[PDB]
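Structure file coords-v1.cif (mmCIF, N, CA and C atoms) follows.
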```
data_start
#
loop_
_atom_site.label_atom_id
_atom_site.label_comp_id
_atom_site.auth_asym_id
_atom_site.auth_seq_id
_atom_site.Cartn_x
_atom_site.Cartn_y
_atom_site.Cartn_z
N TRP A 1 6.88 11.33 11.64
CA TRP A 1 7.29 11.29 10.21
C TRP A 1 7.08 9.89 9.64
N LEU A 2 6.13 9.77 8.70
CA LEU A 2 5.82 8.48 8.07
C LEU A 2 5.74 7.36 9.12
N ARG A 3 5.20 7.71 10.28
CA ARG A 3 5.08 6.76 11.39
C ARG A 3 4.04 5.69 11.08
N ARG A 4 4.22 4.53 11.70
CA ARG A 4 3.32 3.39 11.49
C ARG A 4 1.87 3.74 11.86
N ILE A 5 1.70 4.62 12.84
CA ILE A 5 0.37 5.04 13.27
C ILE A 5 -0.31 5.89 12.19
N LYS A 6 0.51 6.65 11.46
CA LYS A 6 0.00 7.50 10.38
C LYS A 6 -0.44 6.63 9.22
N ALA A 7 0.36 5.62 8.93
CA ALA A 7 0.03 4.67 7.89
C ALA A 7 -1.14 3.80 8.34
N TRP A 8 -1.34 3.72 9.67
CA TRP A 8 -2.43 2.92 10.22
C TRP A 8 -3.78 3.51 9.80
N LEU A 9 -3.91 4.83 9.97
CA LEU A 9 -5.13 5.54 9.62
C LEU A 9 -5.35 5.47 8.12
N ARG A 10 -4.26 5.62 7.38
CA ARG A 10 -4.31 5.55 5.93
C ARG A 10 -4.65 4.12 5.48
N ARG A 11 -4.39 3.14 6.36
CA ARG A 11 -4.67 1.74 6.05
C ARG A 11 -3.99 1.33 4.74
N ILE A 12 -2.76 1.83 4.54
CA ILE A 12 -1.99 1.53 3.33
C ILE A 12 -0.90 0.49 3.62
N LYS A 13 -1.33 -0.72 3.94
CA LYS A 13 -0.42 -1.83 4.24
C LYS A 13 0.48 -1.48 5.42
N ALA A 14 -0.13 -0.86 6.43
CA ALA A 14 0.60 -0.46 7.64
C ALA A 14 1.32 -1.65 8.26
#
```
Hey, can you dump this file as structure tokens for me?
Amino acid sequence: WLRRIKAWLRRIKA
């Protein structure tokens, strides 16, 4: 859930 790895792929200021 909204994990850092998910934001990593999104490259949205992970």
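Taking the backbone of this structure through DSSP, the residues of chain A that come out as alpha helix (DSSP H) are residues 4, 5, 6, 7, 8, 9 and 10 of chain A.
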Any chance you can output those residues with N, CA and C atoms as an mmCIF file, in the frame of the given file?
```cif
data_model
loop_
_atom_site.group_PDB
_atom_site.id
_atom_site.type_symbol
_atom_site.label_atom_id
_atom_site.label_comp_id
_atom_site.auth_asym_id
_atom_site.auth_seq_id
_atom_site.Cartn_x
_atom_site.Cartn_y
_atom_site.Cartn_z
ATOM 1 N N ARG A 4 4.220 4.530 11.700
ATOM 2 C CA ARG A 4 3.320 3.390 11.490
ATOM 3 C C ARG A 4 1.870 3.740 11.860
ATOM 4 N N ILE A 5 1.700 4.620 12.840
ATOM 5 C CA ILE A 5 0.370 5.040 13.270
ATOM 6 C C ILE A 5 -0.310 5.890 12.190
ATOM 7 N N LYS A 6 0.510 6.650 11.460
ATOM 8 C CA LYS A 6 0.000 7.500 10.380
ATOM 9 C C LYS A 6 -0.440 6.630 9.220
ATOM 10 N N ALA A 7 0.360 5.620 8.930
ATOM 11 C CA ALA A 7 0.030 4.670 7.890
ATOM 12 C C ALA A 7 -1.140 3.800 8.340
ATOM 13 N N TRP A 8 -1.340 3.720 9.670
ATOM 14 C CA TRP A 8 -2.430 2.920 10.220
ATOM 15 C C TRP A 8 -3.780 3.510 9.800
ATOM 16 N N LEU A 9 -3.910 4.830 9.970
ATOM 17 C CA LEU A 9 -5.130 5.540 9.620
ATOM 18 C C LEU A 9 -5.350 5.470 8.120
ATOM 19 N N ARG A 10 -4.260 5.620 7.380
ATOM 20 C CA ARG A 10 -4.310 5.550 5.930
ATOM 21 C C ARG A 10 -4.650 4.120 5.480
#
```
Take every atom of region 4-14 of chain A listed in the file, pad by 4 Å on each side, and give me the axis-aligned box centre and edge lengths in Å, one decimal, as AutoDock Vina command-line options.
```
--center_x -0.6 --center_y 2.8 --center_z 8.3 --size_x 17.6 --size_y 17.3 --size_z 17.9
```
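The spacing separating atom N of residue 14 (chain A) from atom N of residue 1 (chain A) amounts to 15.0 Å.
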